[PDB]
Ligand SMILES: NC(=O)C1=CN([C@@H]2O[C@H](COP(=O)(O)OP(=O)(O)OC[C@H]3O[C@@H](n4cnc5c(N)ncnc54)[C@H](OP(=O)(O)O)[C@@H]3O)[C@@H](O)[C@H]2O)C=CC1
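Given next, in structure tokens, is a single chain: the form solved without this ligand.
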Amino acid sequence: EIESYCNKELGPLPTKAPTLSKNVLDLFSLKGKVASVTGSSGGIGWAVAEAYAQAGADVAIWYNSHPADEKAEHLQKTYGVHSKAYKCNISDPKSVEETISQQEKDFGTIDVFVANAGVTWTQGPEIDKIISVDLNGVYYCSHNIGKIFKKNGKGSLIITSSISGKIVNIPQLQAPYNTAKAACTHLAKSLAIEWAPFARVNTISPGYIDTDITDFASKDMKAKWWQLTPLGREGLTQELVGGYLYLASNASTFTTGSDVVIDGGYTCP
């Protein structure tokens, strides 16, 4: 019998291909599935939550600062899906554990997880560049969600990352260049292999998107972006939402360990 070089828990090989719909549009359906989206009281995370609701999923919403029950109640009126909001401090392991357990018990499972790590940046008494992904909350999130995925034998986990050309740090790897994307890719490629018997794991790397994350900058700094972006502009949040659905749905049942770049072309070797 043929045994994996990557993970002997896959069993005798080959693992056997899923049964997909004959129709490509059905592949993108999240009807019947439960998504848990962090950072979904604004910016990317909200945009993704609403798309997932449009695709038929029940959506768990994460807030902390400003309550998001009206966003949850809006997903129900508008789309007739189940949605509840959860107050959680994403960097507290005990509440990330508490909150996932609460969502599983409330929805019955979690099929799709989007880890949107919260973002800071300094401000003293004074300003005139460097933003920070809280990778630790990603870690706590994936540790918890992985357990559920194993027990159910199915799961998609998307980690929001970044492009190399954006100076994005993690709190324990501060530098004047991007350190966060190597850290996310590592965390992603590692889980992809570990979780291979039961889940796919992937990253979305947005570029410069007109949203609460870069909407600290001035029109003069934003101008430096448009000049370097081959498409000549910033992205809209509605231009990431399709990729977050590609990765979460049965459209990507062979896609794991990957990074889909949505940056208007900014990467470019």
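Residue positions are given as counts along the sequence shown, with the first one as 1. What we label the rigid core is the largest C-alpha set whose atoms superpose within 1.5 Å from one form to the other.
Unshown form solved in complex with this ligand; subsequent notes refer to it.
- With the partner omitted here, the stretch from 187-195, 113-121, 75-83, 148-156 that lies within 4.5 Å of this ligand by heavy atoms in the deposited bound form is 113-121.
- Checked against this ligand in the deposited bound form, the candidates 179, 142, 160, 99 yield a single residue with a heavy atom inside 4.5 Å, and that residue is 160.
- In the deposited bound form, at least one heavy atom of residue 40 sits within 4.5 Å of a heavy atom of this ligand.
- In the deposited bound form, no heavy atom of residue 54 sits within 4.5 Å of this ligand.
- Contact check for residue 88: a heavy atom falls within 4.5 Å of this ligand in the deposited bound form.
- Using a 4.5 Å cutoff between non-hydrogen atoms, residue 66 counts as a contact of this ligand in the deposited bound form.
- Shown here without this ligand, the chain has 206, 207, 208, 209 in 183-210 lying with a heavy atom within 4.5 Å of that partner in the deposited bound form.
- Here the two forms are overlaid on the core, and between the shown form and the other one the C-alpha of 122 is the only one among 101, 89, 122, 78 to shift by 2 Å or more.
- A displacement of 2 angstroms or greater separates the C-alpha positions of residue 170 between the shown form and the other one, with the rigid core held in common.
- Once both forms are overlaid on the rigid core, the distance between the two CA positions of residue 193 between the shown form and the other one is under 2 angstroms.
- Core-superposed comparison between the shown form and the other one: the Cα of residue 180 travels 2 Å or more.
- Note: the CA-CA distance for residue 48 and residue 177 contracts in the deposited bound form relative to this form, by 3 angstroms or more.
- In the deposited bound form, the Cα atoms of residue 172 and residue 163 sit 3 Å or more nearer to each other than they do here.
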